[PDB]
Amino acid sequence: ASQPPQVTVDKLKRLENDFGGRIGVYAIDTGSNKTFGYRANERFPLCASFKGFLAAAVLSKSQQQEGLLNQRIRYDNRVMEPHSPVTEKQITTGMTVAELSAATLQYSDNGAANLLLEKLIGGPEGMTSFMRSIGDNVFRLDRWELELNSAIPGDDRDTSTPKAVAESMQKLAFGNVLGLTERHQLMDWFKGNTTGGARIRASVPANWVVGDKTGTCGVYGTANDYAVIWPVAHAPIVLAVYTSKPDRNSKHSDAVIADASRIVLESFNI
Ligand SMILES: C[C@@H](O)[C@H]1C(=O)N2C(C(=O)O)=C(S[C@@H]3CN[C@H](C(=O)N(C)C)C3)[C@H](C)[C@H]12
Ligand code: NA
Ligand code: NA
Ligand code: NA
Ligand code: NA
Ligand code: NA
Ligand code: NA
Ligand code: NA
């Protein structure tokens, strides 16, 4: 009952040619275990999309350290990175670990990302080792915000693949690597993301529920989104959509990500 894979490939290749870049995807029907990929094992820059996994790493650490989420972090006289919309307002109050995690995921807050990487997760190396610990042998985070966003073609630093991103999202959302409380909290955070309205969310009927995390490097036409999608009375779908363009000075396209997502989701004939 699903569409032939080549039909879906054919559609994505036409979309790619109109876009003038590369589109990589991977999707998993968590109920049938049917999958679809296109450029699924090619590396793409993560950009901010790692922050959803950073929030998961924090939750995994809290599952072993009672009360970690409520711990208050203060950062008086810290130089805050560009795009710190939540953390720049909370210097006087500080923020809890839960609030930092929610901010980094839902607002892409860089101050929050680097605070959590410095104080809780152990830097890019620690982020990568969390992903290794869940069986993701592909992901790599090498640099801190914002240097990780350079998106240079051929540079494998700060990259993953659509398949690895989708597989890791599936494990975290639905597998055994996080406890029930932690899963539920992670899903709530993804559902409340604020930066994805023009991407995967724009590809689905408005009564479907979506949790997602975006990435927008700001160079080389490079942008992405990954998500859990809950269609009406169907098993959730996990989807990753990554894009890049060869020229440094091109812009990314939200619409191309939404259109790619629609093509892939339609292929499951839900
Ligand atoms: C500087 C890097 O950290 C960038 C990165 O990646 N982030 C994202 C994103 O997560 O999409 C964005 S998209 C930006 C966030 N706020 C805007 C937004 O939410 N909307 C809905 C337009 C656009 C930044 C450019 C940031
Ligand atoms: Na058709
Ligand atoms: Na990269
Ligand atoms: Na917890
Ligand atoms: Na928050
Ligand atoms: Na940069
Ligand atoms: Na490239
Ligand atoms: Na476009």
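Note that each Cβ is placed from the backbone with ideal geometry, even for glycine, and that neighbours are counted across all protein chains shown. What follows is calculated from the coordinates using simple rules that are stated; it is not laboratory data.
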>> Condition first: within 29 Å of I23 (Cβ to Cβ), more than 16 Å from ligand 7 (Cβ to nearest atom) and surrounded by 18 or more Cβ atoms within 10 Å (Cβ to Cβ). Can you find one or more residues in the stretch 84-101 that meet it?
In response: no
>> Here are the criteria: (1) within 16 Å of ligand 8 (Cβ to nearest atom); (2) under 21 Å from the mean Cα position of the chain (by Cα). Tell me which single one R39 does not satisfy.
In response: (1)
> Looking at the stretch 141-166, which of its residues are in contact with a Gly (Cβ under 8 Å, 6 or more places away or on another chain) and assigned to a helix (DSSP H, G or I)?
Replying inline: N149, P162, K163
> Which one is farthest from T161 (Cα to Cα), of the residues in the stretch 119-140 that are hydrophobic (A, V, I, L, M, F, W, C) and in a helix (DSSP H, G or I)?
Replying inline: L120
> Within the stretch 129-165, which residues are under 30 Å from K89 (Cα atoms) and buried (at least 19 other Cβ atoms within 10 Å of the Cβ)?
Replying inline: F130, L141, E145, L148, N149, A151, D158
> Can you name the residue in the stretch 38-77 that is over 20 Å from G215 (Cβ atoms) and of a type in the set (S, T, Y) and is also surrounded by the most Cβ atoms within 10 Å (Cβ to Cβ) among such residues?
Replying inline: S62
> If a residue has to be touching a residue at least 60 places away in the same chain (Cβ under 8 Å) and surrounded by 14 or more Cβ atoms within 10 Å (Cβ to Cβ) to count, how many in the stretch 6-33 make the cut?
Replying inline: 15
>> Six or more apart or on different chains, Cβ atoms under 6 Å: show the pairs whose first residue is in the stretch 113-134 and among the small types (G, A, S) and whose second is part of a helix (DSSP H, G or I).
In response: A113/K51; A113/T104; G123/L117
>> If I filter the stretch 48-100 down to residues being acidic (D, E) and part of a helix (DSSP H, G or I), which single residue comes out as farthest from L180 (Cα to Cα)?
In response: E88
